[PDB]
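Shown below, as structure tokens, is a lone chain in the form deposited in one PDB entry; questions about how it binds or moves come after it.
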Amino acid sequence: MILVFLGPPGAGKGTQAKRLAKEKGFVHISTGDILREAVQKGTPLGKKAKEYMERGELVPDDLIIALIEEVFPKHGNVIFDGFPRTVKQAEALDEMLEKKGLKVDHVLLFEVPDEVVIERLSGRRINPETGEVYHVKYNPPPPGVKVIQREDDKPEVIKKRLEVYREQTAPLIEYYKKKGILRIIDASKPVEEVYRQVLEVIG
């Protein structure tokens, strides 16, 4: 089974994907997480991707498509989390899959209003050395665990990221909907309620 998680930044896609991957046996492919590892390591990909990410822009399609080709699991269930982000990426993903006799089975759209988005991203905190994700209000970090606020989670960059999402990524909603595999999630609910919804659509 192959799932795509789609939705605005801050919708809770990474949170749900980690939980679903651990509980139900999916390989979790986070382009954000893989890109951030590339950046800390200073690989050619990391060095190039870094400037787009800082400005809240999407990293060029060709880099992302090559990345997915490089990391795509040979067997097993997969959650693509934050990929595809563009129509070209979605077309490339369908093409890779077809040559493997595979296909995207469900696309889950994590619907949440912009105001909720802004609140979630503004309050997002990360353990920089483990990657674990927190929220200063909805899931606070215990005292004496060091957390940072990601630089792209600043108000100006959030604004840009949301604009980018609506322009380039939102068209994927209609792209997948016309394949008949789109399922809607109310991602504005608390974590446990969102997770219940996730299990429902894929069951």
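The first residue of the sequence shown is number 1, and the count goes up from there. Here, rigid core means the biggest group of C-alpha atoms that superpose within 1.5 Å across both forms.
Participant: Higher mean Cα B-factor in the deposited model: 51-59 or 148-156?
Facilitator: Averaging CA B-factors over each stretch, the winner is 148-156.
Participant: Between 95-103 and 125-133, which has the higher average C-alpha B-factor in the PDB entry?
Facilitator: For C-alpha atoms only, the mean B-factor is higher in 125-133.
Participant: Between 46, 171, 142, 32, where does the Cα B-factor run highest in the record?
Facilitator: Answer, based on the entry's C-alpha B-factors: 142.
Participant: Could you look up the Cα B-factor of residue 177 in the entry and say which third of the chain it sits in: lowest, middle or highest?
Facilitator: Answer is lowest: the recorded C-alpha B-factor places it there.
Participant: Determine, from the deposited record, the chain-internal third of the Cα B-factor for residue 117: lowest, middle or highest.
Facilitator: Highest third, going by the recorded CA B-factors of the chain.
Participant: Thinking about Cα B factors across the chain, which third does residue 198 belong to?
Facilitator: Answer is middle: the recorded C-alpha B-factor places it there.
Participant: By the recorded C-alpha temperature factor, relative to the other modelled residues in its chain, which third is residue 22 in?
Facilitator: Highest third of the chain for residue 22's C-alpha B-factor.
Participant: Grab the CA temperature factor for residue 1 from the record and place it in the lowest, middle or highest third of its chain.
Facilitator: Highest third, going by the recorded CA B-factors of the chain.
There is another form of this protein, the form deposited in another entry, and it is not shown here; the text below is about that form.
Participant: Superpose the two forms on their rigid core, then report whether the C-alpha of residue 27 is displaced by 2 angstroms or more between the shown form and the other one.
Facilitator: No, shifts by less than 2 Å.
Participant: Cα of residue 85 displaced 2 Å or more between the shown form and the other one, core superposed?
Facilitator: For residue 85, whose C-alpha is compared between the shown form and the other one after core superposition, the shift is less than 2 Å.
Participant: When the two forms are laid on each other by their rigid core, does residue 48 show a Cα shift of 2 Å or more between the shown form and the other one?
Facilitator: The answer is yes, as the C-alpha of residue 48 shifts between the shown form and the other one by 2 Å or more after core alignment.
Participant: If the C-alpha spacing of residue 27 and residue 129 moves by 3 Å or more in the other form, is that a move closer or farther apart?
Facilitator: Farther apart in the other form, by 3 Å or more.
Participant: Is the CA-CA spacing of residue 138 and residue 85 tighter or wider in the other form than here, given a 3 Å or more change?
Facilitator: Compared with the form shown here, the C-alpha atoms of residue 138 and residue 85 sit farther apart in the other form, by 3 Å or more.
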